[PDB]
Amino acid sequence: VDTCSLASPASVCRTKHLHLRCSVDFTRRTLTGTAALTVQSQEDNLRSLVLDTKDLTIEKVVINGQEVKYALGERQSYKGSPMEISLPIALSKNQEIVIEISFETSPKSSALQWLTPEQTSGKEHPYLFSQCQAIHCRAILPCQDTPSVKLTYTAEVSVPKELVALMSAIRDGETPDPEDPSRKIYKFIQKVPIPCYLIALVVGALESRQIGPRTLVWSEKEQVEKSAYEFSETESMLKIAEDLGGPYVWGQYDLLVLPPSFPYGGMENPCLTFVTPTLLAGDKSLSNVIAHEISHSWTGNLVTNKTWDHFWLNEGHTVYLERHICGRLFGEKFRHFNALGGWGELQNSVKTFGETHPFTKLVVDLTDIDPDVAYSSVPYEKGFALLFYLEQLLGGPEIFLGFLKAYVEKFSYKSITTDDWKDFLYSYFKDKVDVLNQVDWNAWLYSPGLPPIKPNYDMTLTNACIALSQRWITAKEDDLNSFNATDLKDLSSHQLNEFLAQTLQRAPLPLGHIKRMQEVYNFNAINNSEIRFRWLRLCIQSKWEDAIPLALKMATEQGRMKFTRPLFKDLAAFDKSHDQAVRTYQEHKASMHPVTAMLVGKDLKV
C-alpha cells in the first residue's frame, strides 16, 4: 500500500481513463475545468471512494448527469487533502462508472510554474509548465495519485491563441475555441496506460524542428537551432534502446527544452521528454541525460514502481540502460568511466546524509516523508551499483542484458515491487541461484551506507583524472609553477569534470592552489554546466571571494536543483557569502519553482 497517497488503493477501485477538459487562465494563474475519471470497482457493494487533491477548489461532482455528495478532509501537509465521493448507486466488482469533477487549481500549485514574459526567452509571452513526479499530479486534478494505477488519457486544452499547448500524449489537432475566439483548443490522446505522475503540460510560445524520423525538438525560437544540434544523437540512442529493451511503443519521441528554472535534468514524460536547457553545452557532451530519458520509455514507463518506496526500480535500471547506450556509442571503457563516476556520486550522497541515514537505503520507507525531501542520487547510483555487481556476478553485460529485456517484457504495463523484481531475477537465473544466494540481500536492499561490495571497474579513462587531482592535492607552493595549460590537453570534457569531482572530494584546497588553477586552466571560461558547477563549488568551499558573484549568478540564472541547491548551500556555509546567499534567495523565492523554493528554503534554514 501507498503511504504517499490518500486515495482508495488499487484493490478498492481503479482509474481506467481520464478525460481532461480545461482552460489555462494566465491572468489568474489557474487551470479550470473538468476531470472525467472512468473508474472500475474492484469490490462488491462499492458506495464511496477517495481521491487525492492538493490546493484544488472543487466546484461540483457529477455522476449520471446529477451532482453527488463529496467532502474534502483536512490537509495532511505535503500529501494534500483527501476527497471522498459518495456514489449514487452501489457498484459491483468490475462495474465501471464515469465521475466528472469540476475543479480549479491554486496559483501556488506545487505541480506548476507560471512564468511572466520577462522570465521567458522571447520576453513577449508568459509560459506554463508542469512537473508531476512524484506526487504533484494531485495539485492539478483530483486523482488516485499513486503509480500503482495506470490509466489512458484524452485531453482538450484551451489557451490564448498565440500560444501552443503540448502534453505527454500524441498531438491530436487544434481548433479555435467556440466559447472565446481569442483562444485555441489543442487536443491530445495517450493510448498507452500510464501512472498519473507521467501526465504533463506545457503552454508557451513554442516552435519545433525535426531532428529524426520520430523526433521533433520543441522550445522558444531562440533555443531551437542550438537544441536541434545538442540532441542530434537522439534517433541513434532510440535504436540502441530498442535493441536492448524491445520495441518502442509510444509512437513519437519528442523533446521539449524548458526555460532555465526546470527543477530536473530531465522528466521522461511519454512522447514528450522535458529537459533542462543546462544541457546545451554546444558539443553534445551532456547527452547521457537524453540516453537516460529515452531508457525510461522501458524502465519506469512500461515497468513502473508500485510505490515510491521502490523508486530505485525506476532509476537504477534506467541508469543501467543509459550507461549501456553510451557504452555502445563510445565504447565499454567509457561505460566503466561513467559507472565509476556514479560510484563517486554515491560516496558523496552517503557522506552528505550520514552513513546510517534512512535515505541511504535502496528501498526506503516514505511513511510521513515528503518524496521531494527524500530525493537524491541513492536510488540512481546504489540502484545502478547493485545491477552492475549482479552483471559481473552472473556472467557479463550480454547475459545480464538478456535478463533486462526479459524483465521489461515480463512487467510491461504493470506496477511492481522490489520483491516482484527479485522473484523474477531468481526465476530468470534459475540455473544461477547458488550464485544469487551469495548476494547479501538484506544489506544491498535494506541497509544504509555504501553497498557491502564494490563492483570491478576498468580504470583506463579515470587514471589521468586521479593522477592530476593527486598532483594538486599534494602540491605545495613551490609546485604551483609546474602546473600548466598542457596538463589538460589530452583530457576530454568528461575527464575534466571527473578531475574536478576528484578534487572536490578533498575540498577545501588552499586558496593559493585554486587561484593557480584559474591562472593555468581558465576554468572560469567553461560554460559546460557540470564542469562550471563543480568548479564553482571547489572555489566557494576553498573560500575564494572572487567566486561569490559567479556562484550566486549560476545558482539563480538557472534552477536545476542538482546545481542550485548545492550552490546555495555552499554560499550559506561560506561566512563571506552567507548573508548575500540568504538575501538572494528571499528576493528570488517568489519567482522560483515552488518545489525548488521549498527545498532551498529548507537547505538554508529560512
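Residues carry their position along the shown sequence, with the first being 1.
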- Of the two stretches 549-557 and 56-64, which shows the higher Cα B-factor on average in the entry? 56-64
- Query: Taking only the CA atoms, which stretch has the higher mean B-factor in the record, 285-293 or 408-416?
  - Reply: 408-416
- Of the choices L256, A169, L279, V363, which one's C-alpha carries the largest B-factor in the record? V363
- Out of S377, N301, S110, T116, which one has a C-alpha B factor higher than all the others in the entry? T116
- Message: Is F568 in the lowest, middle or highest third of its chain when residues are ranked by C-alpha B-factor?
- Response: middle
- Task: Could you tell me which third, lowest, middle or highest, the C-alpha B-factor of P181 occupies within its chain?
- Result: highest
- Name the third of the chain's ranked CA B-factors that contains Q541, choosing lowest, middle or highest. lowest
- Query: Compared with the other modelled residues in the chain, in which third is the CA B-factor of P213?
  - Reply: lowest
- Task: Going by the recorded CA B-factors, say which third of the chain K150 sits in, lowest, middle or highest.
- Result: lowest
